[PDB]
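Pasted below: coords-v5.pdb, PDB, N, CA and C atoms.
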ATOM      1  N   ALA A 220      47.565 176.269 148.067
ATOM      2  CA  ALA A 220      46.699 176.602 146.947
ATOM      3  C   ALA A 220      47.412 176.273 145.647
ATOM      4  N   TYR A 221      46.650 175.812 144.662
ATOM      5  CA  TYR A 221      47.203 175.415 143.378
ATOM      6  C   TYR A 221      46.500 176.167 142.263
ATOM      7  N   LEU A 222      47.282 176.585 141.272
ATOM      8  CA  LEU A 222      46.819 177.459 140.203
ATOM      9  C   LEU A 222      47.297 176.855 138.891
ATOM     10  N   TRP A 223      46.441 176.061 138.251
ATOM     11  CA  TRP A 223      46.856 175.230 137.131
ATOM     12  C   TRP A 223      45.933 175.429 135.939
ATOM     13  N   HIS A 224      46.478 175.160 134.758
ATOM     14  CA  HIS A 224      45.704 175.183 133.530
ATOM     15  C   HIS A 224      44.980 173.858 133.331
ATOM     16  N   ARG A 225      43.859 173.916 132.606
ATOM     17  CA  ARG A 225      43.002 172.744 132.453
ATOM     18  C   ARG A 225      43.751 171.556 131.859
ATOM     19  N   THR A 226      44.762 171.806 131.033
ATOM     20  CA  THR A 226      45.530 170.740 130.402
ATOM     21  C   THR A 226      46.764 170.342 131.200
ATOM     22  N   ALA A 227      46.871 170.762 132.461
ATOM     23  CA  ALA A 227      48.061 170.444 133.243
ATOM     24  C   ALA A 227      48.049 169.003 133.741
ATOM     25  N   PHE A 228      46.890 168.502 134.161
ATOM     26  CA  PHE A 228      46.790 167.209 134.827
ATOM     27  C   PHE A 228      45.879 166.280 134.038
ATOM     28  N   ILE A 229      46.291 165.020 133.922
ATOM     29  CA  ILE A 229      45.605 164.019 133.117
ATOM     30  C   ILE A 229      44.895 163.050 134.050
ATOM     31  N   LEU A 230      43.640 162.743 133.740
ATOM     32  CA  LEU A 230      42.917 161.646 134.366
ATOM     33  C   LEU A 230      42.490 160.641 133.308
ATOM     34  N   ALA A 231      42.656 159.363 133.628
ATOM     35  CA  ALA A 231      42.431 158.270 132.697
ATOM     36  C   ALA A 231      41.485 157.261 133.329
ATOM     37  N   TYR A 232      40.411 156.921 132.618
ATOM     38  CA  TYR A 232      39.350 156.078 133.151
ATOM     39  C   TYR A 232      39.032 154.953 132.178
ATOM     40  N   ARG A 233      38.705 153.784 132.724
ATOM     41  CA  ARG A 233      38.300 152.638 131.915
ATOM     42  C   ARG A 233      37.405 151.757 132.772
ATOM     43  N   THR A 234      36.125 151.703 132.434
ATOM     44  CA  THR A 234      35.172 150.915 133.204
ATOM     45  C   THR A 234      35.378 149.433 132.931
ATOM     46  N   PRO A 235      35.600 148.608 133.951
ATOM     47  CA  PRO A 235      35.797 147.176 133.708
ATOM     48  C   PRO A 235      34.550 146.533 133.122
ATOM     49  N   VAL A 236      34.767 145.504 132.310
ATOM     50  CA  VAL A 236      33.662 144.765 131.711
ATOM     51  C   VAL A 236      33.166 143.715 132.694
ATOM     52  N   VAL A 237      31.856 143.492 132.695
ATOM     53  CA  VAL A 237      31.263 142.460 133.540
ATOM     54  C   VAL A 237      31.514 141.113 132.875
ATOM     55  N   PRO A 238      32.250 140.209 133.512
ATOM     56  CA  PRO A 238      32.529 138.912 132.892
ATOM     57  C   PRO A 238      31.274 138.055 132.821
ATOM     58  N   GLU A 239      31.323 137.071 131.921
ATOM     59  CA  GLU A 239      30.183 136.192 131.697
ATOM     60  C   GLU A 239      29.835 135.365 132.927
ATOM     61  N   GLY A 240      30.778 135.181 133.844
ATOM     62  CA  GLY A 240      30.566 134.405 135.045
ATOM     63  C   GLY A 240      30.002 135.177 136.216
ATOM     64  N   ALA A 241      29.631 136.438 136.025
ATOM     65  CA  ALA A 241      29.099 137.264 137.100
ATOM     66  C   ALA A 241      27.580 137.189 137.079
ATOM     67  N   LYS A 242      26.992 136.806 138.212
ATOM     68  CA  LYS A 242      25.548 136.627 138.302
ATOM     69  C   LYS A 242      24.784 137.941 138.269
ATOM     70  N   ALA A 243      25.471 139.079 138.347
ATOM     71  CA  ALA A 243      24.816 140.374 138.264
ATOM     72  C   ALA A 243      25.768 141.367 137.618
ATOM     73  N   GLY A 244      25.200 142.457 137.110
ATOM     74  CA  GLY A 244      25.998 143.486 136.475
ATOM     75  C   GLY A 244      25.205 144.723 136.112
ATOM     76  N   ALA A 245      25.835 145.883 136.217
ATOM     77  CA  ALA A 245      25.211 147.162 135.895
ATOM     78  C   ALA A 245      26.326 148.183 135.712
ATOM     79  N   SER A 246      25.948 149.432 135.449
ATOM     80  CA  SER A 246      26.920 150.501 135.257
ATOM     81  C   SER A 246      26.337 151.791 135.806
ATOM     82  N   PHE A 247      27.037 152.399 136.757
ATOM     83  CA  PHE A 247      26.609 153.638 137.384
ATOM     84  C   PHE A 247      27.629 154.733 137.112
ATOM     85  N   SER A 248      27.173 155.977 137.212
ATOM     86  CA  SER A 248      27.994 157.140 136.920
ATOM     87  C   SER A 248      28.263 157.913 138.203
ATOM     88  N   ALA A 249      29.541 158.122 138.506
ATOM     89  CA  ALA A 249      29.969 158.938 139.637
ATOM     90  C   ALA A 249      30.607 160.203 139.077
ATOM     91  N   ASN A 250      29.930 161.339 139.267
ATOM     92  CA  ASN A 250      30.349 162.655 138.767
ATOM     93  C   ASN A 250      30.829 162.615 137.314
ATOM     94  N   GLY A 251      30.228 161.753 136.500
ATOM     95  CA  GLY A 251      30.618 161.602 135.116
ATOM     96  C   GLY A 251      31.549 160.448 134.827
ATOM     97  N   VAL A 252      31.748 159.541 135.778
ATOM     98  CA  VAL A 252      32.656 158.411 135.624
ATOM     99  C   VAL A 252      31.827 157.138 135.668
ATOM    100  N   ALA A 253      31.912 156.338 134.611
ATOM    101  CA  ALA A 253      31.149 155.101 134.539
ATOM    102  C   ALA A 253      31.852 154.009 135.333
ATOM    103  N   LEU A 254      31.149 153.449 136.312
ATOM    104  CA  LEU A 254      31.670 152.391 137.161
ATOM    105  C   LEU A 254      31.019 151.063 136.803
ATOM    106  N   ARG A 255      31.609 149.987 137.312
ATOM    107  CA  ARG A 255      31.115 148.634 137.096
ATOM    108  C   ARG A 255      30.594 148.099 138.418
ATOM    109  N   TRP A 256      29.325 147.704 138.445
ATOM    110  CA  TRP A 256      28.719 147.116 139.632
ATOM    111  C   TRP A 256      28.600 145.616 139.418
ATOM    112  N   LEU A 257      29.102 144.844 140.376
ATOM    113  CA  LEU A 257      29.135 143.394 140.283
ATOM    114  C   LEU A 257      28.690 142.811 141.613
ATOM    115  N   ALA A 258      27.795 141.830 141.560
ATOM    116  CA  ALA A 258      27.286 141.168 142.750
ATOM    117  C   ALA A 258      27.509 139.669 142.639
ATOM    118  N   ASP A 259      28.080 139.088 143.690
ATOM    119  CA  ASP A 259      28.344 137.660 143.753
ATOM    120  C   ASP A 259      27.887 137.140 145.107
ATOM    121  N   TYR A 260      27.212 135.996 145.102
ATOM    122  CA  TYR A 260      26.660 135.412 146.316
ATOM    123  C   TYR A 260      27.679 134.477 146.951
ATOM    124  N   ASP A 261      27.959 134.698 148.231
ATOM    125  CA  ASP A 261      28.927 133.900 148.978
ATOM    126  C   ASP A 261      28.155 132.889 149.817
ATOM    127  N   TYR A 262      27.985 131.683 149.271
ATOM    128  CA  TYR A 262      27.180 130.663 149.934
ATOM    129  C   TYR A 262      27.808 130.208 151.244
ATOM    130  N   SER A 263      29.141 130.202 151.331
ATOM    131  CA  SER A 263      29.796 129.697 152.533
ATOM    132  C   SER A 263      29.442 130.535 153.753
ATOM    133  N   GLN A 264      29.420 131.857 153.602
ATOM    134  CA  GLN A 264      29.037 132.757 154.680
ATOM    135  C   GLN A 264      27.586 133.206 154.585
ATOM    136  N   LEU A 265      26.826 132.671 153.632
ATOM    137  CA  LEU A 265      25.405 132.980 153.471
ATOM    138  C   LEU A 265      25.172 134.483 153.360
ATOM    139  N   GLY A 266      25.919 135.120 152.465
ATOM    140  CA  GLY A 266      25.811 136.557 152.300
ATOM    141  C   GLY A 266      26.127 136.992 150.887
ATOM    142  N   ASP A 267      25.523 138.110 150.501
ATOM    143  CA  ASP A 267      25.765 138.721 149.206
ATOM    144  C   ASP A 267      26.980 139.636 149.275
ATOM    145  N   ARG A 268      27.697 139.727 148.159
ATOM    146  CA  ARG A 268      28.876 140.575 148.053
ATOM    147  C   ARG A 268      28.742 141.440 146.812
ATOM    148  N   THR A 269      28.973 142.737 146.967
ATOM    149  CA  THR A 269      28.885 143.687 145.871
ATOM    150  C   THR A 269      30.243 144.324 145.622
ATOM    151  N   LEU A 270      30.358 144.993 144.478
ATOM    152  CA  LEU A 270      31.614 145.639 144.108
ATOM    153  C   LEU A 270      31.346 146.677 143.033
ATOM    154  N   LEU A 271      31.666 147.935 143.325
ATOM    155  CA  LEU A 271      31.731 149.000 142.332
ATOM    156  C   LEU A 271      33.196 149.332 142.109
ATOM    157  N   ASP A 272      33.625 149.365 140.851
ATOM    158  CA  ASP A 272      35.038 149.571 140.588
ATOM    159  C   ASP A 272      35.241 150.293 139.265
ATOM    160  N   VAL A 273      36.432 150.876 139.125
ATOM    161  CA  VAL A 273      36.839 151.560 137.904
ATOM    162  C   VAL A 273      38.359 151.574 137.872
TER     163      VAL A 273
ATOM    164  N   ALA B 220      52.872 102.749 111.868
ATOM    165  CA  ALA B 220      51.571 102.514 111.265
ATOM    166  C   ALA B 220      50.804 101.556 112.158
ATOM    167  N   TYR B 221      49.489 101.727 112.221
ATOM    168  CA  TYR B 221      48.641 100.889 113.056
ATOM    169  C   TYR B 221      47.465 100.398 112.234
ATOM    170  N   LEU B 222      47.252  99.089 112.244
ATOM    171  CA  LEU B 222      46.158  98.451 111.532
ATOM    172  C   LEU B 222      45.294  97.717 112.545
ATOM    173  N   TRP B 223      44.065  98.183 112.728
ATOM    174  CA  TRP B 223      43.213  97.634 113.771
ATOM    175  C   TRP B 223      41.808  97.375 113.252
ATOM    176  N   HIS B 224      41.220  96.283 113.727
ATOM    177  CA  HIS B 224      39.815  96.011 113.497
ATOM    178  C   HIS B 224      38.960  96.952 114.342
ATOM    179  N   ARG B 225      37.709  97.139 113.915
ATOM    180  CA  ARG B 225      36.830  98.099 114.576
ATOM    181  C   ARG B 225      36.641  97.769 116.052
ATOM    182  N   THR B 226      36.678  96.487 116.402
ATOM    183  CA  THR B 226      36.403  96.065 117.770
ATOM    184  C   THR B 226      37.626  96.118 118.671
ATOM    185  N   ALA B 227      38.775  96.568 118.164
ATOM    186  CA  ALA B 227      39.993  96.561 118.965
ATOM    187  C   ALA B 227      39.925  97.580 120.095
ATOM    188  N   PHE B 228      39.484  98.798 119.794
ATOM    189  CA  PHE B 228      39.503  99.900 120.744
ATOM    190  C   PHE B 228      38.103 100.467 120.926
ATOM    191  N   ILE B 229      37.805 100.890 122.152
ATOM    192  CA  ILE B 229      36.494 101.418 122.507
ATOM    193  C   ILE B 229      36.675 102.738 123.239
ATOM    194  N   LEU B 230      35.901 103.745 122.836
ATOM    195  CA  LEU B 230      35.817 105.016 123.540
ATOM    196  C   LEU B 230      34.421 105.201 124.113
ATOM    197  N   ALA B 231      34.362 105.886 125.252
ATOM    198  CA  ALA B 231      33.109 106.208 125.917
ATOM    199  C   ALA B 231      33.157 107.671 126.317
ATOM    200  N   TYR B 232      32.144 108.429 125.914
ATOM    201  CA  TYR B 232      32.073 109.861 126.159
ATOM    202  C   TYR B 232      30.812 110.178 126.947
ATOM    203  N   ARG B 233      30.887 111.208 127.785
ATOM    204  CA  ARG B 233      29.726 111.663 128.540
ATOM    205  C   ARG B 233      29.857 113.156 128.801
ATOM    206  N   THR B 234      28.837 113.905 128.429
ATOM    207  CA  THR B 234      28.823 115.332 128.705
ATOM    208  C   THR B 234      28.350 115.575 130.132
ATOM    209  N   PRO B 235      29.144 116.242 130.967
ATOM    210  CA  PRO B 235      28.678 116.554 132.319
ATOM    211  C   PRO B 235      27.431 117.422 132.274
ATOM    212  N   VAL B 236      26.517 117.155 133.197
ATOM    213  CA  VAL B 236      25.272 117.907 133.265
ATOM    214  C   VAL B 236      25.548 119.248 133.927
ATOM    215  N   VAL B 237      25.133 120.327 133.272
ATOM    216  CA  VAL B 237      25.325 121.664 133.822
ATOM    217  C   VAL B 237      24.479 121.767 135.084
ATOM    218  N   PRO B 238      25.082 122.034 136.237
ATOM    219  CA  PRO B 238      24.305 122.071 137.480
ATOM    220  C   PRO B 238      23.402 123.288 137.557
ATOM    221  N   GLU B 239      22.617 123.382 138.627
ATOM    222  CA  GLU B 239      21.693 124.492 138.793
ATOM    223  C   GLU B 239      22.363 125.749 139.325
ATOM    224  N   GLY B 240      23.638 125.672 139.704
ATOM    225  CA  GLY B 240      24.347 126.823 140.220
ATOM    226  C   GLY B 240      25.244 127.547 139.245
ATOM    227  N   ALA B 241      25.615 126.909 138.139
ATOM    228  CA  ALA B 241      26.512 127.527 137.173
ATOM    229  C   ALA B 241      25.794 128.645 136.430
ATOM    230  N   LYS B 242      26.418 129.824 136.393
ATOM    231  CA  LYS B 242      25.797 130.968 135.732
ATOM    232  C   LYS B 242      25.774 130.782 134.220
ATOM    233  N   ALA B 243      26.902 130.385 133.639
ATOM    234  CA  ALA B 243      27.008 130.176 132.202
ATOM    235  C   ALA B 243      26.930 128.686 131.906
ATOM    236  N   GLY B 244      26.100 128.319 130.936
ATOM    237  CA  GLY B 244      25.871 126.918 130.651
ATOM    238  C   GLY B 244      25.856 126.571 129.178
ATOM    239  N   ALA B 245      26.621 127.302 128.374
ATOM    240  CA  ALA B 245      26.733 126.970 126.962
ATOM    241  C   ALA B 245      27.408 125.615 126.789
ATOM    242  N   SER B 246      26.988 124.888 125.759
ATOM    243  CA  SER B 246      27.521 123.569 125.457
ATOM    244  C   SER B 246      28.101 123.570 124.051
ATOM    245  N   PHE B 247      29.311 123.038 123.915
ATOM    246  CA  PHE B 247      30.037 123.088 122.656
ATOM    247  C   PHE B 247      30.202 121.684 122.092
ATOM    248  N   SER B 248      30.790 121.605 120.903
ATOM    249  CA  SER B 248      31.027 120.331 120.247
ATOM    250  C   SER B 248      32.453 120.280 119.728
ATOM    251  N   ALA B 249      33.146 119.186 120.034
ATOM    252  CA  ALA B 249      34.487 118.932 119.511
ATOM    253  C   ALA B 249      34.464 117.544 118.883
ATOM    254  N   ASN B 250      34.468 117.500 117.552
ATOM    255  CA  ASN B 250      34.606 116.256 116.801
ATOM    256  C   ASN B 250      33.432 115.318 117.072
ATOM    257  N   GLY B 251      32.255 115.909 117.252
ATOM    258  CA  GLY B 251      31.069 115.147 117.576
ATOM    259  C   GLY B 251      30.915 114.801 119.039
ATOM    260  N   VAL B 252      31.846 115.218 119.889
ATOM    261  CA  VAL B 252      31.775 114.978 121.325
ATOM    262  C   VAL B 252      31.285 116.258 121.983
ATOM    263  N   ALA B 253      30.161 116.175 122.685
ATOM    264  CA  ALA B 253      29.594 117.350 123.329
ATOM    265  C   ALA B 253      30.367 117.674 124.600
ATOM    266  N   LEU B 254      30.715 118.945 124.763
ATOM    267  CA  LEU B 254      31.530 119.435 125.862
ATOM    268  C   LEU B 254      30.734 120.432 126.694
ATOM    269  N   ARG B 255      30.938 120.362 128.006
ATOM    270  CA  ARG B 255      30.242 121.206 128.967
ATOM    271  C   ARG B 255      31.117 122.414 129.272
ATOM    272  N   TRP B 256      30.541 123.608 129.156
ATOM    273  CA  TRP B 256      31.243 124.856 129.427
ATOM    274  C   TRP B 256      30.498 125.633 130.500
ATOM    275  N   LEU B 257      31.218 126.032 131.544
ATOM    276  CA  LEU B 257      30.651 126.840 132.615
ATOM    277  C   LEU B 257      31.643 127.915 133.031
ATOM    278  N   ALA B 258      31.113 129.025 133.533
ATOM    279  CA  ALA B 258      31.928 130.148 133.974
ATOM    280  C   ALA B 258      31.491 130.572 135.365
ATOM    281  N   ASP B 259      32.462 130.802 136.242
ATOM    282  CA  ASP B 259      32.202 131.245 137.604
ATOM    283  C   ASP B 259      33.163 132.367 137.962
ATOM    284  N   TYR B 260      32.654 133.379 138.651
ATOM    285  CA  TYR B 260      33.453 134.546 138.993
ATOM    286  C   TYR B 260      33.997 134.403 140.408
ATOM    287  N   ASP B 261      35.298 134.142 140.521
ATOM    288  CA  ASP B 261      35.992 134.121 141.804
ATOM    289  C   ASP B 261      36.114 135.559 142.286
ATOM    290  N   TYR B 262      35.204 135.960 143.174
ATOM    291  CA  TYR B 262      35.270 137.298 143.748
ATOM    292  C   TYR B 262      36.431 137.419 144.724
ATOM    293  N   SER B 263      36.811 136.318 145.372
ATOM    294  CA  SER B 263      37.946 136.340 146.286
ATOM    295  C   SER B 263      39.248 136.691 145.581
ATOM    296  N   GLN B 264      39.423 136.255 144.334
ATOM    297  CA  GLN B 264      40.600 136.596 143.549
ATOM    298  C   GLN B 264      40.309 137.615 142.458
ATOM    299  N   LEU B 265      39.095 138.169 142.415
ATOM    300  CA  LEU B 265      38.723 139.196 141.442
ATOM    301  C   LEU B 265      38.980 138.734 140.011
ATOM    302  N   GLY B 266      38.637 137.487 139.721
ATOM    303  CA  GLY B 266      38.915 136.932 138.407
ATOM    304  C   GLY B 266      37.860 135.947 137.965
ATOM    305  N   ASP B 267      37.622 135.914 136.660
ATOM    306  CA  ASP B 267      36.714 134.943 136.076
ATOM    307  C   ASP B 267      37.424 133.616 135.843
ATOM    308  N   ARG B 268      36.649 132.535 135.875
ATOM    309  CA  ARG B 268      37.151 131.196 135.616
ATOM    310  C   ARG B 268      36.207 130.512 134.643
ATOM    311  N   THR B 269      36.762 129.909 133.600
ATOM    312  CA  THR B 269      35.978 129.168 132.628
ATOM    313  C   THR B 269      36.477 127.734 132.561
ATOM    314  N   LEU B 270      35.541 126.803 132.398
ATOM    315  CA  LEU B 270      35.855 125.383 132.354
ATOM    316  C   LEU B 270      35.071 124.731 131.231
ATOM    317  N   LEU B 271      35.782 124.041 130.342
ATOM    318  CA  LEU B 271      35.179 123.283 129.250
ATOM    319  C   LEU B 271      35.725 121.867 129.335
ATOM    320  N   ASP B 272      34.839 120.893 129.535
ATOM    321  CA  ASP B 272      35.264 119.558 129.926
ATOM    322  C   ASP B 272      34.308 118.493 129.406
ATOM    323  N   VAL B 273      34.711 117.241 129.629
ATOM    324  CA  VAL B 273      33.963 116.060 129.213
ATOM    325  C   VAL B 273      34.491 114.866 130.001
TER     326      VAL B 273
END
Rewritten as structure tokens:
Amino acid sequence: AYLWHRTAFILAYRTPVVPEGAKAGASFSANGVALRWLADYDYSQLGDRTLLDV
Amino acid sequence: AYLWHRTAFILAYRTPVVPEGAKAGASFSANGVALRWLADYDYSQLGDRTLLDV
């Protein structure tokens, strides 16, 4: 069990920017954290690829 | 120093045609020469790539 003050632990967040070369882009919130959604089509394997990141 | 008649040297320029797959297709100008600019997102390396050429 841990018993800590609100200012004991630091969390640092930075949502990545969607580059101009990304065919898709959006921003979703996970428990108050803005994420970056990116979709790229993989023609070689004939499949879509997604990515949420922070 | 170089002294040349107009017919001594010849340049030929051609702007590459932006294909139907390139996401970004802005076209720029350098010294009156039109340049092709395209951007593609390498998802395999998690990085953007930009190309400006002629």
Contact residues around stretch 232-235 of chain A with all atoms listed in the file at 8 Å, ignoring same-chain residues under 6 positions, as a PyMOL selection string
chain A and resi 252-256+272-273
Compile the contact shell of residue A:241 as a PDB file with N, CA and C atoms, keeping the file's coordinate frame: residues with an atom at most 9 Å away, counting only C-alpha atoms, same-chain residues fewer than 2 positions apart removed.
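Final file, result-v7.pdb:
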ATOM      1  N   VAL A 237      31.856 143.492 132.695  1.00  0.00           N
ATOM      2  CA  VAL A 237      31.263 142.460 133.540  1.00  0.00           C
ATOM      3  C   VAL A 237      31.514 141.113 132.875  1.00  0.00           C
ATOM      4  N   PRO A 238      32.250 140.209 133.512  1.00  0.00           N
ATOM      5  CA  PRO A 238      32.529 138.912 132.892  1.00  0.00           C
ATOM      6  C   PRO A 238      31.274 138.055 132.821  1.00  0.00           C
ATOM      7  N   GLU A 239      31.323 137.071 131.921  1.00  0.00           N
ATOM      8  CA  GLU A 239      30.183 136.192 131.697  1.00  0.00           C
ATOM      9  C   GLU A 239      29.835 135.365 132.927  1.00  0.00           C
ATOM     10  N   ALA A 243      25.471 139.079 138.347  1.00  0.00           N
ATOM     11  CA  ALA A 243      24.816 140.374 138.264  1.00  0.00           C
ATOM     12  C   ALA A 243      25.768 141.367 137.618  1.00  0.00           C
ATOM     13  N   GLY A 244      25.200 142.457 137.110  1.00  0.00           N
ATOM     14  CA  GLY A 244      25.998 143.486 136.475  1.00  0.00           C
ATOM     15  C   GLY A 244      25.205 144.723 136.112  1.00  0.00           C
ATOM     16  N   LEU A 257      29.102 144.844 140.376  1.00  0.00           N
ATOM     17  CA  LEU A 257      29.135 143.394 140.283  1.00  0.00           C
ATOM     18  C   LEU A 257      28.690 142.811 141.613  1.00  0.00           C
ATOM     19  N   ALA A 258      27.795 141.830 141.560  1.00  0.00           N
ATOM     20  CA  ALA A 258      27.286 141.168 142.750  1.00  0.00           C
ATOM     21  C   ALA A 258      27.509 139.669 142.639  1.00  0.00           C
ATOM     22  N   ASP A 259      28.080 139.088 143.690  1.00  0.00           N
ATOM     23  CA  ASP A 259      28.344 137.660 143.753  1.00  0.00           C
ATOM     24  C   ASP A 259      27.887 137.140 145.107  1.00  0.00           C
TER      25      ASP A 259
ATOM     26  N   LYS B 242      26.418 129.824 136.393  1.00  0.00           N
ATOM     27  CA  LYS B 242      25.797 130.968 135.732  1.00  0.00           C
ATOM     28  C   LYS B 242      25.774 130.782 134.220  1.00  0.00           C
ATOM     29  N   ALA B 243      26.902 130.385 133.639  1.00  0.00           N
ATOM     30  CA  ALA B 243      27.008 130.176 132.202  1.00  0.00           C
ATOM     31  C   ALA B 243      26.930 128.686 131.906  1.00  0.00           C
ATOM     32  N   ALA B 258      31.113 129.025 133.533  1.00  0.00           N
ATOM     33  CA  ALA B 258      31.928 130.148 133.974  1.00  0.00           C
ATOM     34  C   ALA B 258      31.491 130.572 135.365  1.00  0.00           C
ATOM     35  N   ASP B 259      32.462 130.802 136.242  1.00  0.00           N
ATOM     36  CA  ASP B 259      32.202 131.245 137.604  1.00  0.00           C
ATOM     37  C   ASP B 259      33.163 132.367 137.962  1.00  0.00           C
ATOM     38  N   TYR B 260      32.654 133.379 138.651  1.00  0.00           N
ATOM     39  CA  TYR B 260      33.453 134.546 138.993  1.00  0.00           C
ATOM     40  C   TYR B 260      33.997 134.403 140.408  1.00  0.00           C
ATOM     41  N   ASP B 261      35.298 134.142 140.521  1.00  0.00           N
ATOM     42  CA  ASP B 261      35.992 134.121 141.804  1.00  0.00           C
ATOM     43  C   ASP B 261      36.114 135.559 142.286  1.00  0.00           C
ATOM     44  N   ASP B 267      37.622 135.914 136.660  1.00  0.00           N
ATOM     45  CA  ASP B 267      36.714 134.943 136.076  1.00  0.00           C
ATOM     46  C   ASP B 267      37.424 133.616 135.843  1.00  0.00           C
TER      47      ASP B 267
END
So what do you get for atom CA of residue B:249 versus atom CA of residue B:271, distance-wise?
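Atom CA of residue B:249 sits 10.7 Å away from atom CA of residue B:271.
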As a check of understanding: the span from atom CA of residue B:230 to atom N of residue B:251 is 13.1 Å
May I ask for the distance between atom N of residue A:227 and atom N of residue A:250, given in Å to one decimal place?
20.5 Å
Give the answer as one residue: which of B:236, B:270, B:262, B:247 has the shortest atom-to-atom distance to chain A, using only C-alpha atoms?
B:262
Kindly indicate which residue among A:226, A:246, A:269, A:264 lies nearest to chain B, using only C-alpha atoms for the distances.
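Nearest to chain B: A:269.
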A:248, A:222, A:240, A:263 ranked by distance to chain B, top pick (using only N, CA and C atoms)
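The shortest atom-to-atom distance to chain B comes from A:240.
Least-squares superposition puts chain B on chain A with a C-alpha RMSD of 0.8 Å, counting every Cα pair in order.
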For stretch 249-255 of chain A, take all atoms listed in the file, fit an axis-aligned box around them, add 3 Å to each of the six sides, then output centre and edge lengths in Å rounded to one decimal, as lines of an AutoDock Vina configuration file.
center_x = 31.1
center_y = 155.4
center_z = 137.1
size_x = 9.1
size_y = 20.6
size_z = 11.1
Which of chain A end up as strand (DSSP E) when DSSP is run on this backbone - answer as a list in words?
residues 245, 246, 247, 248, 249, 252, 253, 254, 255, 256, 257, 258, 259, 260, 261, 266, 267, 268, 269, 270, 271 and 272 of chain A
